[PDB]
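J.: Once you've had a glance at the structure underneath, I'll fire off some questions.
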Amino acid sequence: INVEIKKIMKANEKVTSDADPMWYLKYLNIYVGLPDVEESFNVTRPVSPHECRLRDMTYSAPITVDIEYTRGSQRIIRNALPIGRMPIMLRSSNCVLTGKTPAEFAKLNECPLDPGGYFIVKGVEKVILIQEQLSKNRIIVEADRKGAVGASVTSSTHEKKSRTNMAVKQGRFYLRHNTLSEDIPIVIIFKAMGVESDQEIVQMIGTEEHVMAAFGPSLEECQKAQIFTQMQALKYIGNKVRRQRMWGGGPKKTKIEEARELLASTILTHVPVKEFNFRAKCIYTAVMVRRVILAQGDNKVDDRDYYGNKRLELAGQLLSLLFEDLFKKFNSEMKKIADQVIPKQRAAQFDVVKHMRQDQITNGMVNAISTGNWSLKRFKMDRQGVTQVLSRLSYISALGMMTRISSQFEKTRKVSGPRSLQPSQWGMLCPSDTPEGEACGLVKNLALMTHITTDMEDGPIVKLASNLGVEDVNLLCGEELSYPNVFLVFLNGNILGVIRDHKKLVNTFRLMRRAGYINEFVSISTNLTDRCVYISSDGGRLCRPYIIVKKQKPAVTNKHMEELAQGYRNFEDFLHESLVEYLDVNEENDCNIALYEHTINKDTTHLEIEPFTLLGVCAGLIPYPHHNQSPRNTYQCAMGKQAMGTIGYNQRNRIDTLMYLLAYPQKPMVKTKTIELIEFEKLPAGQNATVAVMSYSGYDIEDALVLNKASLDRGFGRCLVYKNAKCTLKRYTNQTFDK
Amino acid sequence: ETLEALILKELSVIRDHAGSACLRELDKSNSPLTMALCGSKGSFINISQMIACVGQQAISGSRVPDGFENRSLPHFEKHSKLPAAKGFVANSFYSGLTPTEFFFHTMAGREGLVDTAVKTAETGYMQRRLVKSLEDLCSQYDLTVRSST
Amino acid sequence: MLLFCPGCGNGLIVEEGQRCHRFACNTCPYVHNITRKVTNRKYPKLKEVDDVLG
Amino acid sequence: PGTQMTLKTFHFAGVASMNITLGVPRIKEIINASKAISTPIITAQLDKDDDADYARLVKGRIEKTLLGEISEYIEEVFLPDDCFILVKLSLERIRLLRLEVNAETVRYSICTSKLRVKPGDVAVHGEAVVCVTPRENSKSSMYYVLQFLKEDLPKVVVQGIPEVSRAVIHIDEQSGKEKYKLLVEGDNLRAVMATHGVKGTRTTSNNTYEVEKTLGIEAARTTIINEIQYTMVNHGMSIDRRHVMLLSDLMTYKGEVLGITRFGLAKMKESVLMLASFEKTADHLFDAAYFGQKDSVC
Amino acid sequence: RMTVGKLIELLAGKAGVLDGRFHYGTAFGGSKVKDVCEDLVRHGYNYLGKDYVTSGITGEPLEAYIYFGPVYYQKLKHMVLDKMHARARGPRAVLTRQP
Amino acid sequence: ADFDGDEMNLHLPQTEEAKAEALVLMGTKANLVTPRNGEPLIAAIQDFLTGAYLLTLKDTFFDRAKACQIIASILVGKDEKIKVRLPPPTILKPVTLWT
Amino acid sequence: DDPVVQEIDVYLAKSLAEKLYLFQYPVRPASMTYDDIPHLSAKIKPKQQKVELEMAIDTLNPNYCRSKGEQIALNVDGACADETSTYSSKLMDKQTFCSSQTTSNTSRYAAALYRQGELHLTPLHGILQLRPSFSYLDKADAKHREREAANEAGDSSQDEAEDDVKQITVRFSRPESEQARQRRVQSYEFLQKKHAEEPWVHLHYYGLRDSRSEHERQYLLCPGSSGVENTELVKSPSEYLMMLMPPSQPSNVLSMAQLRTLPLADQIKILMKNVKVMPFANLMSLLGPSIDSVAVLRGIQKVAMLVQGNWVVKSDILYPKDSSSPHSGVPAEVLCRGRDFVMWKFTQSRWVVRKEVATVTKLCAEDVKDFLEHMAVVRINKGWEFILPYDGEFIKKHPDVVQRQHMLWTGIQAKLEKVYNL
Amino acid sequence: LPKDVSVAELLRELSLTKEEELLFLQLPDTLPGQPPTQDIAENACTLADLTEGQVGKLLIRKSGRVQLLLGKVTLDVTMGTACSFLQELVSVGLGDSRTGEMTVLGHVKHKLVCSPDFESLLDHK
RNA sequence: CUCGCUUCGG
Ligand SMILES: Nc1ncnc2c1ncn2[C@@H]1O[C@H](COP(=O)(O)OP(=O)(O)OP(=O)(O)O)C[C@H]1O
Ligand SMILES: [Mg+2]
Ligand SMILES: [Zn+2]
């Protein structure tokens with residue numbers, strides 16, 4: 001709401017119609033303001049979130065914009081013109097609850113310990129779950145149903161997503177795309193993309209003997225056809241092209257041009273061609289072919305469940321996509337209205353202000369957040385269950401639901417692998433916390449100490465990599481790719497170049513990141529098997545702080561912790577002084593981490609801050625969880641999500657559809673440090689009972705337990721159940737009303 | 001694979017000898033031992049795991065696969081096939097498990113849970129098919145089993 | 001083995017001229033007559049296991 | 001018991017190898033009566049169960065061996081007068097594996113389903129040298145079809161059953177005597193039985209379809225009973241033999257092994273309503289309406 | 001189930017309520033068994049929580065020592081009152097006249 | 001079932017024929033053995049195997065009072081109309097003890 | 001590891017700054033060179049640099065198939081057209097090499113000529129990759145298409161004079177939508193036409209064996225003294241690091257670096273707000289030795305008070321006039337009065353009883369606890385003790401400041417006695 | 001061929017042989033200097049702006065370290081990608097607007113890469 | 001009411 005919306009508006013700042021040129025509508029600046037209610041007749045009024053809860057209304061703020069346009073060729077400007085309403089996340093920058101004291105919270109009828117971070121729509125609390133999805137623009141080598149080891153890359157830019165495949169179905173490589181009638185040999189594509197000599201193609205693929213032995217059949221198949229020039233391959237591809245349902249407008253029986261456009265734009269979108277120079281795309285497809293050939297021997301098939309290839313979409317990215325779609329629809333509707341009105345009406349010049357319907361954006365946002373189904377035709381994205389009703393069974397219930405993560409695959413089928421607990425979840429996701437049932441393993445919880453990166457500018461990374469000796473790919477032929485000491489350096493799926501002595505490059509990059517000249521969330525990792533240095537700067541990656549260890553002694557000393565306790569320094573000071581650094585999953589693949597000081601050896605690069613941060617929020621309630629069997633921990637996480645107890649300090653004024661309270665809650669006698677951190681003891685959800693472990697009367701055979709009548713008579717386990725009964729008295733279209 | 005088999009054998013030797021020692025040193029009237037002897041609940045393996053030493057954690061009948069590159073967790077060396085780095089849990093439940101051992105144990109538990117989850121649906125479909133096919137038959141009065149027709 | 005034309009870099013095939021077996025390119029008049037023995041061994045993997053077990 | 005079965009692993013049946021599907025997938029494959037099953041096992045008994053040399057000889061007789069697996073090197077030589085492929089047989093490995101394969105056996109193996117290589121093309125020069133001289137077929141074929149041969153000349157079968165993939169020498173370590181059997185991961189029971197040195201009277205198989213087509217419907221019934229009981233026993237849970245015998249009799253009472261799938265159920269049962277209720281409701285109902293099939297309520 | 005953590009939690013809670021402290025059951029750490037055993041023996045109770053117990057019914061001592069201590073029990077929302085269900089003839093569905 | 005919140009259904013047949021069929025064919029006393037292999041399914045379970053095992057251990061020795069109480073624990077319901085038949089004591093000279 | 005050997009000098013030459021190109025053949029191994037191949041022409045474009053070499057290949061050599069040469073020469077050209085023939089003779093005699101531009105800017109690349117003890121660098125005006133072009137096949141296909149048109153016309157031996165008058169199909173210059181105009185501008189054909197608009201420039205070839213090669217090879221050197229201090233290249237390592245990495249553009253939010261960028265008074269205020277109890281020597285250490293002690297003392301006297309030789313942040317700094325107690329919501333003036341009373345009690349005695357403070361100030365328990373925790377710790381059987389020890393060194397060094405704080409505390413004590421009726 | 005190193009490269013280029021050699025070194029984007037009266041801004045300082053004469057020294061230390069002292073700062077020089085294809089350094093001099101000369105200066109065999117010693121620049125300040 | 005969606009329970 002502070003940056004992205006302005007970027008979206010700047011992308012769509014000017015709208016005009018083809019009919020009647022010199023007419024335009026230009027957006028200047030956009031504001032969201034503070035939350036308000038439209039109850040007052042043409043007047044706003046500040047509203048607390050609890051008031052929105054009680055009145056079954058939405059907690060939103062007015063989307064206003066200042067514009068300049070032309071009515072009758074005279075420029076008219078508006079400085080504050082409402083166009084929509086944003087549902088406001090609680091405790092956000094614009095939320096009224098932010099920066100408030102507990103007394104002020106009491107005046108606003110909101111619990112100071114409420115986690116916030118959820119929307120209020122039509123009186124219900126909806127939470128947008130963090131989505132998990134495979135990273136885009138990455139080469140994935142995988143086996144098919146028939147066992148053939150092929151490749152796939154889902155090249156996705158800001159506009160188009162296209163998954164292109166490479167197959168080895170008959171000992172030779174074909175490239176498959178949705179825009180081609182039939183998959184075509186890779187050598188024909190190589191010839192079409194500028195490089196025509198077969199020797200250059202073989203040099204790009206690799207100079208190892210088995211590589212030539214594997215790639216020979218493709219060359220023979222290419223030579224069987226008479227394709228030897230770029231024009232011939234372009235003609236072949238254009239023949240293998242399919243028209244998109246009689247595309248309106250015909251630019252001269254296009255074919256070769258269609259093939260060249262598909263090669264330049266549609267195929268491998270993330271790889272950019274400067275001006276119809278396919279050198280970089282040729283290198284990329286040669287690298288893909290080489291990876292397929294190498295993986296066709298030793299079965300080094302990459303696994304999808306590795307979380308170094310996973311990305312997390314928060315509420316911000318989803319809301320950005322939704323607002324972009326809604327704003328584009330609004331501008332399209334405005335342009336269509338302009339086309340329908342301006343050229344026929346009257347000397348009464350058409351102006352947009354009489355037609356800028358304000359319920360479009362507001363209704364779209366409200367419906368998308370409430371129903372939870374997102375339909376983006378501009379992206380062809382049909383998602384369901386994005387938002388869920390916040391569970392108010394207990395404080396732990398809401399807190400643990402606030403940190404949930406949904407999977408891209410659903411309990412719709414018996415899958416295997418994602419459901420499993422991969423070792424990559426270390427420090428990032430809670431191992432024990434998972435819903436017991438059909439969704440076991442597909443809904444996960446973040447660890448206590450974790451962070452999700454945002455997007456970076458990507459400029460200084462390129463500048464530093466260029467200054468660090470990375471040779472340009474265009475300057476050398478593909479044979480250098482096959483050298484044993486030459487390492488490819490990527491950047492978000494794009495070949496940044498080549499380098500020798502990758503150790504120096506990696507050490508310098510890490511040193512620069514520690515110094516602060518590079519953003520601390522930029523990750524650098526090395527894959528020695530593929531000899532590829534990956535530099536990741538996209539958002540959504542999981543990161544975790546670790547104490548830097550240099551020569552068997554941690555950078556953090558007792559004096560530093562004493563200063564932190566005294567308040568001289570904070571965590572950011574530790575970050576800046578090269579004492580603690582964030583590690584990504586891909587980066588921590590290359591590091592050596594010591595759990596404790598006594599485990600530190602000569603080859604240790606990082607130190608674990610605290611092992612108990614491995615567990616999540618719900619699993620933090622378990623006393624001595626390392627002494628139990630893991631299924632017991634999972635059951636306890638599930639059970640405690642459903643534990644009865646207090647909700648918050650405003651639980652009396654709050655009116656929910658179903659509420660459970662405990663008469664005399666008590667804080668636990670054996671409390672984890674996680675309980676202290678989340679202030680669970682302020683809102684306990686249980687009672688301490690004098691349990692005696694023995695067999696009695698045979699009434700406790702299978703998991704049953706015997707309760708004391710006097711204890712129940714004295715208030716033990718006494719509980720309160722609050723239910724809601726709501727009615728509406730609405731006035732109808734006819735001037736008659738319910739009474 | 002020979003090295004994997006030998007390492008599994010040695011870890012099993014450690015586990016079972018520790019269990020034998022703990023059972024020998026255990027006194028009578030020990031409630032876990034009493035409940036294991038009469039067979040009401042538990043077994044000697046559970047007693048050994050929760051007293052003496054937890055066994056090697058097995059995923060699909062093998063040691064922990066390397067989630068990262070050439071190693072299960074970053075806390076161990078690359079290409080390290082040491083027992084502690086591949087799933088073995090020297091500590092017992094009474095002593096408590098270190099974070100790596102706890103993670104491997106949780107891996108095994110989640111494997112069991114997902115196995116049960118898939119098994120329920122698969123056997124439900126198989127049961128439906130079998131009953132829909134076999135329900136017609138009846139033992140007649142002439143001692144001959146006959147179909148509906 | 002795989003051999004490439006020094007002229008244009010396309011793959012060389014084996015054909016017969018009027019005097020001798022020669023390497024030839026499909027897209028240019030370059031040829032190369034064969035003088036002596038030319039061989040390309042591969043050494044395929046042999047079945048090494050005796051397969052006694054139990 | 002399907003619910004009770006744990007779908008365990010490491011039940012290698014004493015060989016520490018040869019992954020065989022056991023559990024619910026095994027029961028599903030057995031009751032489905034699929035023609036081709038995953039991991040089919042053929043157990044073969046030897047006439048001389050005590051000798052290892054005889055066991056390896058019959059294993060080499062039955063197991064498929066490719067040309068590239070025995071030839072020490074294959075080289076494409078382009079002499080100034082002619083170009084041809086030379087294959088050098090490693091006689092040391094041939095006698096080590098005790099394969100009854102010479103140069104002439106390889107020559108006879110060639111000229112079989114290889115672009116119709118003429119017998120005159122193949123020749124023998126030495127004791128373990130094979131020369132192949134291909135000629136253009138004129139059907140989009142030139143002399144530079146050499147590569148094609150280079151692609152598949154090592155992939156021609158010289159000895160063994162082509163359907164058989166791999167046979168292993170299993171040994172029973174009985175205190176009285178250590179006797180040798182063959183475990184064949186193939187799908188050709190008739191060929192294995194017909195091979196010399198194999199006591200075909202006492203060779204079984206896992207694929208119920210192959211056993212049926214080879215040895216009759218009663219042999220198929222016995223195989224079904226034994227396989228189901230063995231699979232159930234592998235998980236430690238017991239089922240009375242009468243239940244599995246009844247199931248096998250139902251599967252094999254029409255003279256053909258019929259699975260419990262919708263196709264076999266359609267072939268077995270006759271009532272329209274049950275067929276419609278189980279699967280493919282609309283298709284069954286429309287076909288019954290077309291045929292005018294009157295259905296009783298038996 | 002091998003929930004040794006429950007036994008350790010019971011012992012730690014007994015020691016803490018005896019000496020007026022809040023013991024920690026932090027993962028991969030927390031108060032060790034030896035310290036709570038020393039606290040229990042210092043306070044006059046058995047060092048393992050097992051206590052001599054007289055049967056309420058017969059009024060005679062039990063043959064085996066009983067494991068006493070405070071455990072943090074939490075009530076769940078699943079109640080028999082909400083879950084209890086009984087159905088008379090009742091209503092039926094319009095499409096298929098079934099309950 | 002495991003008494004951990006499991007819900008069970010309960011149907012009431014509305015016909016004399018159905019009631020008789022249920023009582024005869026599906027009586028609990030009539031289905032003590034599973035049809036799969038004839039093994040008994042309805043048998044003693046936890047806290048009954050343990051209790052009986054402790055009771056039948058060679059260590060146990062009861063005087064007349066405790067043995068009488070334990071035996072009289074069963075004299076309810078249809079067993080209210082039977083003579084107890086206290087077995088003769090095993091050890092009787094030094095002390096009168098029932099094993 | 002000292003620089004033991006080879007202290008080589010590096011010279012720069014700009015004689016061939018704009019005339020130096022690097023030609024690399026990706027398909028030609030370095031062992032085989034083009035020294036012996038007679039070149040025929042070189043076309044080049046100064047802007048949008050694209051060099052096309054035109055070389056001659058011999059025919060009498062055994063590595064040439066004269067039959068295939070005749071066939072390809074017949075295919076590319078006509079039978080005896082020769083008006084625009086890619087080959088002068090009836091055999092394939094000429095080979096075309098076309099250049100691809102590797103990168104736009106070549107400023108970071110330099111050619112280094114090495115001589116005994118010296119290395120001369122020269123900037124490269126451009127780098128191009130020369131590849132054997134296949135253009136005669138396109139011309140052969142075009143001639144094949146026109147031959148096919150001739151074959152179509154040849155269906156009848158005599159063709160009647162076609163009344164194929166070109167009806168006037170003068171097309172509407174349709175005003176193109178700006179999207180379609182942008183598409184046409186970005187079309188490959190438009191870019192190729194724009195490239196072709198620039199005229200070609202013809203160049204003769206002078207090989208390595210030519211004497212002109214050795215003659216112009218001397219231009220890579222520069223006349224200059226062996227030891228000269230360069231007027232430029234004098235920027236410090238910090239300046240160089242700044243140049244090659246240009247910049248993009250709780251209450252303890254600011255970091256230590258951000259604190260040090262702030263004015264000294266703000267730094268002292270923020271440090272006192274964060275710590276609320278700290279000695280003067282620690283403040284001197286934290287701010288930095290480069291800051292004079294008198295200025296630090298002046299700054300701290302405006303935001304802190306002296307208690308037992310230590311410095312405690314003023315109450316009004318912690319509680320602004322618009323703030324209130326987070327626990328009770330009382331106005332900040334009452335909190336300031338209570339904290340002033342607590343600090344006065346700490347000046348009077350090292351131990352403070354919590355119950356006495358609660359009774360005197362009439363405040364709630366948690367507010368008193370917050371007041372005490374900021375500057376005191378709990379000592380069992382003794383109450384609350386000041387967190388820091390009595391610092392007599394600072395008192396000895398600055399008696400005047402001690403007297404200033406003494407009479408300030410006297411005034412504050414008078415105010416507190418008036419307010420709380422002590 | 002074993003992978004050679006810059007110290008051994010120059011050592012054999014001067015001690016083992018006295019023949020001149022043509023090298024191709026890639027310099028960093030900005031040199032540690034200022035455009036001398038080039039009408040500026042902290043912009044890029046390339047070789048196109050510097051004048052003739054000695055611009056720096058090449059240091060060959062012990063243990064094979066190869067540095068380039070270009071004034072106050074020192075870069076490090078390492079081997080580039082070992083190219084095996086033909087690379088001809090030629091001079092294309094358009095002496096006339098209608099006719100120009102191509103002068104094959106020599107052959108390029110080895111490639112050097114010069115990078116800023118970032119560790120020294122960081123520990124310096 | 002119908003329908004779908006989620007969250008549970010087991
Ligand atoms: N999806 C399901 N289908 C059928 N029955 C289920 C399902 N989920 C739960 N149940 C019922 O709950 C029971 C499962 O309990 P079980 O798996 O044996 O113990 P558990 O849940 O592993 O407890 P521990 O973790 O061992 O303490 C058996 C079954 O009747
Ligand atoms: Mg249950
Ligand atoms: Zn050629």
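Quick reminder: no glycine exception, Cβ is built from N, Cα and C everywhere.
What Swiss-Prot records for C:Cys5, C:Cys8, C:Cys25, C:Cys28 is Zn(2+) 1 binding site, and it gives experimental evidence as the kind of evidence. The feature zinc finger is assigned by Swiss-Prot to C:5-28, with sequence analysis given as support.
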J.: Taking 8 Å from the centroid of the Cβ atoms of C:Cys5, C:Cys8, C:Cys25, C:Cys28 as the cut-off, which other residues in that chain fall inside it around the Zn(2+) 1 site?
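T.: Surrounding the site, in chain order, are C:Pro6, C:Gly7, C:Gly9, C:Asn10, C:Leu12, C:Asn26, C:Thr27, C:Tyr30.
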J.: Against chain A, with Cβ pairs under 8 Å, which of the binding-site residues C:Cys8, C:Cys25, C:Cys28 show up? Give them in sequence order, please.
T.: C:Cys8
J.: Under 8 Å between C-beta atoms and at least six apart in sequence, can you list the same-chain neighbours of C:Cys8 (Zn(2+) 1 binding site), or say none if there are none?
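T.: Same-chain residues close to C:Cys8 (Zn(2+) 1 binding site) (Cβ under 8 Å, separated by 6 or more) are C:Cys25, C:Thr27, C:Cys28, C:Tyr30.
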J.: Helix, strand or coil: which one is C:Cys25 (Zn(2+) 1 binding site) in, per DSSP?
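T.: It is in a strand.
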J.: What count of other C-beta atoms do you get within 10 angstroms of the C-beta of C:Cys5 (Zn(2+) 1 binding site), across all chains shown?
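T.: Excluding its own Cβ, the number within 10 Å is 23.
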J.: Identify, in sequence order, the binding-site residues in C:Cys5, C:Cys8, C:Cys25, C:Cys28 that approach chain G with a C-beta to C-beta distance under 8 Å; the answer is 'none' if none do.
T.: C:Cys8, C:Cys28
J.: Return one of helix, strand or coil for C:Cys5 (Zn(2+) 1 binding site), based on DSSP.
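T.: Coil, per DSSP.
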J.: Please work out the number of neighbouring Cβ atoms within 10 Å of the Cβ of C:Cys25 (Zn(2+) 1 binding site), leaving out its own Cβ.
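T.: Neighbour count, Cβ to Cβ under the 10 Å cut-off: 23.
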